[PDB]
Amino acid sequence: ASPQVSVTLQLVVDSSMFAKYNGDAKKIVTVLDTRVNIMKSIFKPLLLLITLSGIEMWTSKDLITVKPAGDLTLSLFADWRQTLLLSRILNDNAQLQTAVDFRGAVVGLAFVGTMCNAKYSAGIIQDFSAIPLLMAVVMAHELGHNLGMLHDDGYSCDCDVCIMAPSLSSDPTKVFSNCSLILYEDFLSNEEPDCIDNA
C-alpha cells in the first residue's frame, strides 16, 4: 500500500454493449472515462495509478464469442488477450465490458493474483448499472482480485461496504478494507509484479 505503481489498463467493449449505447463511440468513451476516473480515486490510497492504454470497441464484430457463462467468457477473453491483443497493444491488464447478462447474479469475473501475467491478467464486467460509482466499484473489485485481493470478511475486516465485499452493495464506498490492504501488501511482497513497478 505504499510504493508508487501504475497499471496500464486496456478496456474492450463488445458488440452487445456497443449496440446498447446506440453504436455511439463518443457516448461509450465518456461513460467509461467517468467510471475509470472513479477507479483512479479508489486506487489512490494504494499509490497505484491507473492509466488507460486504450478503449477497444468491437464495432464490427466480437473477436471472441461472449457467452452468458461468465467462467467460459473470462477464459476465452484472457486467451484472446494473450494470443491476439498483446501482439498489438501492450498492457498490464485488459477488462471486457459487455451488455451480455451473465447467468446467475454474477456481474463480473477475474483471475486472482494474476496482474502482469501474459495469459491471465484479465477480467470481465457486465454493464449492469448506469451509475458511474457502481460500475467503477465493480471494475475495481475485479482489478483488486487481479492484484491478489480476496473477499472481505464482512465481520472481521474494518468495513462492510468496501470494494472487496463478496456482493456489490446497493450503495458502496470507494474504500478498501484493512484486509484488502494487507492482501495487496502480500501480493507485492510475495508475488512481486514487476510490470506495475517499471519506469
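Numbers for residues come from their place in the sequence shown, where the first is 1.
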Averaging the C-alpha temperature factors as deposited, the higher value of 156 to 164 versus 63 to 71 falls on 63 to 71
Of 28 to 36 vs 132 to 140, the stretch with the larger average CA B-factor in the entry is 28 to 36
Top Cα B-factor in this entry, restricted to 109, 96, 85, 112, sits on 112
Top Cα B-factor in this entry, restricted to 146, 53, 41, 170, sits on 170
Split the chain's modelled residues into thirds by Cα B-factor; residue 9 lands in the lowest
Quick tally, chain-level thirds of C-alpha B-factors: residue 124 sits in the lowest
On the chain's distribution of Cα B-factors, residue 175 falls within the third called lowest
Chain thirds by Cα B factor, record data; residue 76 belongs to the middle
